[PDB]
Every structure is written in structure tokens, then in C-alpha cells.
């Protein structure tokens, strides 16, 4: 809205209460919108007997299509916005402005790939709270979207040439961060919950679990092609993202479930570990949806006025 002349402001995308606010809002959105037939949540406080909370409820088959949310200043506060395209998300920003509201953000719940989001305006950007810590998630922001077309018939398609181009740019940014002499390797998820190990998302109100091995199986700066086809599974028994628990939904009713999304970013983790080897391994990650919100909110902060 209006630029602040000669003003330097510190941003920290990893400690941003806008992220926490958005998170609670999406959890509430899902309560009123995507209701399971049965949901289970653990309760073990007595230290001698557990009592799982079980809720059974009406379970309507409904279309689910995320629409943009705009966050405007909460009472007593103001929203500041960092204008530097390449801003890492943590540190001083010299080009800051005040805005009435954020840009429109679609609250897509997904793992591994970030979908239907904003693209970087210059080069590919990577962000972490601590790059040296192998346990911390790396948020990648692409500067060019990649289409992924999915069907309820059990697969997602991605153009192989575009994906390769994308991987090359990511690896080049990763070696820029971890060493120019490093070989960059992408591998499949090392394990965990199904929602974590596959690229997991919802389409037509159904939960898709697609095998992403073919997307993360290459080596960079070391020395059926046209389309990559990922096998998918639609499931009814789902681990909850909102909190520890499980939900069960009814089977699909539509024989024509079709979605096409733009991949605009990804979530990766680095293997790390003690090694004199001159290579780094990166695997798809995600699961904490706050990282999804961060990927869009990194350039904003709210300040007391």
C-alpha cells in the first residue's frame, strides 16, 4: 500500500504469529467443511488406562475447493511487508511497506509438493531456520510452476522435461548453499506415516496418496520419458493433520475425479550425518502445515501500532 522510506525492519518467518493464526483458522475451516464418518483421538493422562475419544457423525460427500483468504490487520496492529523478491525470510529488510491486507492465499493442505501458491519473482529460493540442522525442513520456492494432473482413476501426470529443468535449478541452489563441489542427490522419502511418505493432497473432496519415487530419484553435478506417471491411491482411513488422531470417510461417489494443480514449491529434508563424502541427499518432506502457511506468509509480519 505505502512504502516506508529509509526504514529497516527485522523479519523472522519461523517465529511469526500470523502463521499460528492461519493454522487455527484452517483447522476450524476443516471442522465445518470436511466432516468424517468416524474420528478417533487418543487420551492418555491417567497413566494407568487410555480412553480413545470416538465420534461418529453424518458424513456428506461434498466438493472441497480451497478459495483465497486475505489476512488484514488485527485490532491494535499493523501488517508490514518485505518487498525484496529474494528475501530469505529471516533478517533485516530494507525495502518495507505497510499493507492493509495480505495477498489472497489458498490454504492448500498437502505434503511434499506445495500447490497453487505464489512463485518467486526472480530465482528459485530456498529457506530453512537452520540449514546446518538436518532435522529442519527446507522450503523451496520455484520461479516457474509445474503442472501436475491427477485423476481418481489412480494416477498423476507431470511433464518430465519441465520437472528435470526444475530439479536442476533446485540442485544448483542447494549446492550454492551446501558447497559448489557437492553432488546433489534426490531420493524417495525414507519412511513414516503414509501422508508423509507419499505426495498427499485432496481433490474432489477425496484424499490422494501418490507415490513420488519417480520425482525424487536423480543425481546432479556428478559427472516412457515424456510424461512421468505417478501411481496413486484414494484412501478412506486418514491420519489427521490437525492433531494426533485418525478419521474415516466414505468411499467416492464420482467416477470422474479430475484435478490439475500448479506445483509452486516443495518441502525437502537433507539426510546429513557424519560423512567425508562429497554429496548431499535430499528427500521430500512436509507434514507440519505451518510450513505450508510459512511458504506464503514469510514476507509479512504484524506489529503493534
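Positions refer to the first chain, counted from 1.
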| request: Pick one of none, 1 to 3, 4 to 9 or 10 or more for the number of deposited-sequence residues not modelled between residue 223 and residue 224. | output: 10 or more
| request: Could you check the entry and say whether 177-185 or 137-145 has the higher mean CA B-factor? | output: 177-185
| Which of the two stretches, 257-265 or 63-71, shows the higher mean Cα temperature factor in the record? | 63-71
| Largest Cα B-factor, entry values, listed residues 128, 86, 202, 157 | 86
| In the PDB entry, which of 43, 250, 238, 244 has its C-alpha at the highest B-factor? | 43
| task | Determine, from the deposited record, the chain-internal third of the Cα B-factor for residue 10: lowest, middle or highest. | result | highest
| note | On the chain's distribution of Cα B-factors, residue 92 falls within the third called highest
| message | Ranking the modelled residues of this chain by C-alpha B-factor as given in the entry, is residue 118 in the lowest, middle or highest third? | response | middle
| task | Would you mind ranking residue 169 by its C-alpha B-factor against the rest of the chain and naming the third, lowest, middle or highest? | result | middle
| field | Where the record places residue 50 (Cα B-factor, split into thirds across the chain) | value | highest
